[PDB]
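# Architecture at a glance
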Amino acid sequence: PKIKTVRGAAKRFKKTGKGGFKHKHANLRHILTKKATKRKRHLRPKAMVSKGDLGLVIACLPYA
Amino acid sequence: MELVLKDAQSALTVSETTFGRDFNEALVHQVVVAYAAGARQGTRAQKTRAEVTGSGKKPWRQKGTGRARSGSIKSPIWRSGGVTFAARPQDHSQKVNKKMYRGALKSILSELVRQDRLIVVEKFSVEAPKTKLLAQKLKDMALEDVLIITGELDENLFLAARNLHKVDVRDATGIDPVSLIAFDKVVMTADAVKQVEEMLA
Amino acid sequence: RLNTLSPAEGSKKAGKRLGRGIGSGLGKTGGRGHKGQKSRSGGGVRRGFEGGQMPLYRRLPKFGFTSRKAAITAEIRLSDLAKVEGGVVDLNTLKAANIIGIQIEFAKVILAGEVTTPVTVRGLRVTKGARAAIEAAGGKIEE
Amino acid sequence: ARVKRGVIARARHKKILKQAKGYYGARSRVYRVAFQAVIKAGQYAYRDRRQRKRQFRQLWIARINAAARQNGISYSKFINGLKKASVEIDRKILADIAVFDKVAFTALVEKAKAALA
RNA sequence: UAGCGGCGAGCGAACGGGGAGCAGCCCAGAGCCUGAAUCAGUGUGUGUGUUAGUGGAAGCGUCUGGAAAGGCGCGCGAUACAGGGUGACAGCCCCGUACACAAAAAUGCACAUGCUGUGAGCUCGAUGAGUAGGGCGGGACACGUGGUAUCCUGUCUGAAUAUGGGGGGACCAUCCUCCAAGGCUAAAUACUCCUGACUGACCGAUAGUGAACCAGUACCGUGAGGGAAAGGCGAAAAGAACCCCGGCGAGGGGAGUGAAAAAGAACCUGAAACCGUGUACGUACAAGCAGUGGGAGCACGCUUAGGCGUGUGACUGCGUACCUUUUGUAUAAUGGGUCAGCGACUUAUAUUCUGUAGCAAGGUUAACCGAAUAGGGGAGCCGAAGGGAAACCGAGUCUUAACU
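Attention here is on the structure that accompanies the text.

### Quick word on the overall build of chain B
Helix and strand counts for chain B come out as seven helices and six strands. Secondary structure of chain B in N-to-C order comes out as β-β-α-α-α-β-α-β-α-β-α-β-α. Taken over C-alpha atoms, the radius of gyration comes to 27 Å for chain B, far larger than the 17 Å a tight globule of 201 residues would show. For the C-alpha atoms alone, the extent of chain B along its principal axes is close to 95 × 40 × 25 Å.

Take a look at the structure:
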């Protein structure tokens, strides 16, 4: 066989220039009027997947 | 570089990159092991537990006999039972890169020149298709174990070397690493030398 | 000399054989510890499985879409276009030089190093820096 | 390439059973018991290459203590005496002189009492 | 990969590219015109193949040996040194192999040809209706009804018919492309009950078929069904005339054959467990993982007594098996009566890292063609450029009205 991508991980991480993975932050979909604008403004840019989790991500995304 | 002809006493001008480079023993070893691996007809199969001619009936009840628990009479622990990791027919070919194959031929040709196992004759043909004539001809040239390689495959030479054990006649196209290394002396026609340089660039 | 050829030093590493004896290092448990799901034949959990905690690829939101059009755009360096056989650059003349691909419809002439010959670029987008680099080394860009 | 394993297994078993000649019963006949007997003999042999140094030393001390008390001094006072007399004869040799040469041992006791006083 | 997906687990295309192979036609329909290509069915002739076959090279002496093909010495064949047998290992002893030939008869294939059937070609016309589409239910499409195109239809309906209709992924318009509701069609392709030849870093009698042997047998089961074990004397039966013990036995001892009968049919080798006979030593006042360290004596061999070696081992210090599981086992926790044979980290394909080898801003081909492990084949893949959700920009880019 040929390795299948964990497909719902491809919709959530995207590869960068030096091999790290970017992802959208959690907590910014609903319940929102209770949150400060400082939270929400700091959750909008995309973020790098941390060191702990790259193992998991590279396992799920073997072609990206 | 020049190759001294045996009979005409000329010198054939060759490439130093083809007939005068170093012996890369690791490269040659990879191409030799790969050539020999390509020859394996990998035909075999043992029967796994699934293919052994039996039944899937469980031989005794799971509990209460004092026997060890068993589930199939085709278990690999049982006599008559089915190989655990039974083999299948497999392909043993290795990829050799083209530049590694050509590199290996350049190394072995350079060492056949360097060890005086490479003889360059101008013409090498037999009169009639007789093994007696080729036996006498190789006897006159002090050669017993020999790989004759000719740029144009003569029919009579091919029929004359077909019974001689140590002797093998090839065209310049179909040479392999294991025969240049296998045979004691290689006798190339000058035309075969030119065709070899055209092959190996 | 087929019994004198020998591989390189370091190329053929041995291969772990598990389950043979005490001296070998990997006998009884073969290097897989005591009981558990991981010491079992077939045993192991699936990819991105954190016990039952919601996995990383499933507690983070999904973003974006795939373009359809970025799969037919290309990106030409300046190291090529000395490779086009002609000194004239269109989408064909690049396709013919095995440099973009047949499905490609859009191309762009990014500064990525060292154009020398005078090249006439036709119908391709060119970046700013590479417009200066094509026009500086003779060159011509029309569209 | 099927490898039958009869000949080499026979050689290993036989190696172990030759190392167990003289053992009682199955310990010298059956492989599965002679293997344990041979190993336990190995562990004892290790352990006892250390104990023979301890056992010989306590034998020698008992003989020097006997012969020295025969010459009117204890072992403790005799070794203190000879160390103060700066005699470095070890006690294998003092035990052996104390058996074979009674007069030399008497003279050693005189050095010990001479320095000890 | 795009996508589908309790957007989970998973499922997973097409476009387009490279190859293998390549072949188009007929009816719905009349007239002109006929046998005009076409195939099908048969006869005959030729060629080739199958079903029996034929010829097929070239050696002797001497030594060991039961026996020579082996050793040594000297010759010959080879378009034939593939293989098998022959009293040990044979190119030249035998069967064969290379090579060259062979069919009265029956046949397969391919041309040619006779007859029958069949219809070419031209002009004009027609150009597939309960159908396409729709509503409801379901299914197939990678696509789970979703914004879902498309196909199939169980049910209810229902057109236009070349100034027409289908598709182009909801849908409309413009543009492009194609002609459903009739049918036939070789090759590339898949498979091996069965036959022949050849091959194996496949097995060698607990393996390989369940089955090397009168094996799907014996045997088990009412039945469907399940399903064994079991090969090897010798080169040749020359397989033991005859005599003795013995129950006109069984078994044996001689004799004889044989190179060898502890090669005798319970037959090559002949292990281990297990059981004996004989010899040396120890052992009947001594407590326990049965050894180990020390160690007297005795018996055999030596040995220019050199005071060693082998066997035994009184007596003595120390010493509660192995596995497994466990915080922890002499544990009175698990497992094992013993021996012998078998018995468990493999294989394939992807991806990542390390070693190593080639080439290097390049590396490499896949299918396939194939003088065929060569060489072609660069379709493609990976890398040399990133940023952004994306358009887009590009050594920058995104954010933001703009960024110290």
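Now that the structure is up, let's keep going.
### Things to note about the protein's contact with RNA strand E
Near RNA strand E lie 118 residues; those nearest to it are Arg7(A), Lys11(A), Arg32(C), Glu75(C) and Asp48(D). Restricting the count to atoms of RNA strand E within 4 Å of the protein gives a sugar and phosphate share of 70%. Taking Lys95(B), its side chain carries an N or O atom lying 3.1 Å from a sugar or linking oxygen of RNA strand E. One nitrogen or oxygen atom from the side chain of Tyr23(D) is found 3.0 Å from a phosphate oxygen belonging to RNA strand E. For the surface near RNA strand E, the elements supplying multiple residues, two or more each, are α1 (7-10) of chain A, α2 (25-38), α3 (98-114) and α4 (131-140) of chain B, α1 (56-59) and α2 (128-136) of chain C together with α1 (6-18) and α2 (31-70) of chain D.

### A closer look at unusual backbone geometry
A positive phi angle, near 55 degrees, is found at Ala201(B), a position not held by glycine. Following the sequence through the fold, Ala201(B) ends up in the segment after α7 (190-199). Phi is positive for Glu114(C), which is not a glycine, with a value near 70 degrees. Checked against the element boundaries, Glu114(C) lands in the loop between β1 (88-89) and β2 (120-122).

### Observations concerning the arrangement of the chains
Between chains A and C lies the most contact-rich interface of the three pairs of chains that touch. No part of chain A reaches chain B; the closest C-alpha pair between them is 17 Å apart. Kept free of each other, chain C and chain D leave a smallest C-alpha distance of 14 Å between them.

### As for a positive patch on the surface
Together, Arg7(A), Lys11(A), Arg29(A) and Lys62(C) make up a region of like positive charge exposed at the surface. Considering the arrangement of structural elements, one finds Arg7(A) in helix α1.

### Brief notes about the layout of surface pockets
The space that makes up the largest pocket amounts to roughly 360 Å³. Contributing to the lining of the largest pocket are 16 residues, with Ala10(A), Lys11(A), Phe13(A), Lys14(A) and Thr66(C) lying nearest its centre. Those elements giving two or more residues to the lining of the largest pocket turn out to be α1 and β1 (13-15) of chain A. Top element by residues in the lining of the largest pocket is β1(A). It accounts for three residues. A class-by-class count of the residues in the lining of the largest pocket yields nine nonpolar, three polar and four charged. Estimates place the volume of the second largest pocket at around 300 Å³.

### A short note on the environment of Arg68(C)
All names here are of chain C. If you trace the backbone, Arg68 turns up in the loop between α1 and β1. Judged by its relative accessible area of 75%, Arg68 is exposed. A C-alpha to C-alpha distance of 35 Å links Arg68 and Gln53, two positions 15 residues apart in sequence.

### Focus on the side chain of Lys24(A)
Inspection of the secondary structure puts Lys24(A) in the loop between β2 (21-23) and α2 (37-43). Buried within the structure, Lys24(A) lacks any salt-bridge partner; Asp53(A) is the closest side chain of opposite charge, at an N-O distance of 18 Å. Apart from residues lying up to four places away in sequence, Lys24(A) is in contact with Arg12(A), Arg29(A), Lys46(A), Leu60(C), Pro61(C) and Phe63(C).

### Some details on the pattern of salt bridges
Residues and elements named next belong to chain B. Enumeration according to the criterion identifies nine salt bridges over all chains in this entry. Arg114 is the partner of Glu111 in a salt bridge, and the nearest nitrogen-oxygen pair spans 2.5 Å. With a gap of three residues between them, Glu111 and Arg114 both fall in helix α3, about one helical turn apart. According to the relative accessible area criterion, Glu111 is buried, its value standing at 11%. Residues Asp176 and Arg170 are paired through a salt bridge, measuring 2.8 Å at the closest nitrogen-oxygen approach. Just as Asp176 is buried, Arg170 falls in that class too. Three or more residues are tied together by salt bridges with common partners; here these are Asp168, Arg170 and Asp176.

### Quick word on the sheet that holds strand β4 (residues 146-150) of chain B
Residue and element names in this part refer to chain B. Taken in spatial order, the four strands line up as β3-β6-β4-β5 in an open sheet, and their pairing is parallel. The two strands at the open ends of the sheet, each matched to only one other strand, are β3 (118-121) and β5 (167-171). Strand after strand, the sheet turns through a mean of 20 degrees between neighbouring axes, direction not considered. For β4 and β5, the ladder comprises five bridges, and the chain directions are parallel. Among the inter-strand pairings, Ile148 is bridged to a residue of β5, identified as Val169.

About the criteria used
Residues numbered from 1 in each chain as written, not as in the entry; some residues may be left out. Chains lettered and ligands numbered in written order. Part of a larger assembly, values for the part shown. Heavy atoms only, no water. Helix = DSSP H or I, 4+ residues; strand = E, 2+ residues; numbered from the N terminus. Rg over C-alpha atoms; globule rule 2.2 N^0.38 Å. Near = heavy atom within 4 Å. Polar contact = N/O pair within 3.5 Å; in protein donor to acceptor, adjacent residues only side chain to side chain. Contact = heavy atoms within 4.5 Å. Patch = residues over 30% accessible without salt bridge, like charges linked within 9 Å, V, L, I, M, F, W, Y side chains within 5 Å. Areas by Shrake-Rupley, 256 points an atom, 1.4 Å probe, with all protein chains shown as cover. Salt bridge = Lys/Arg side-chain N within 4 Å of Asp/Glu carboxyl O. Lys, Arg positive; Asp, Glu negative; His and termini not counted. Charge placed at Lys NZ, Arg CZ, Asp CG, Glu CD. 1 Å grid on protein atoms, 1.4 Å probe; cavity = no way out; pocket = protein on both sides within 12 Å on 5 of 7 lines; lining within 4 Å. Points joined across faces, edges and corners; volume = space filled by probe spheres on them. Nonpolar A, V, L, I, M, F, W, Y, C, P; charged D, E, K, R; others polar. Buried < 20%, exposed > 50% of the residue type's maximum accessible area, 1.4 Å probe, protein only. Pairing = 2+ DSSP bridges. Axes fitted to C-alpha atoms, helices over the stretch in contact; angles between N-to-C directions.

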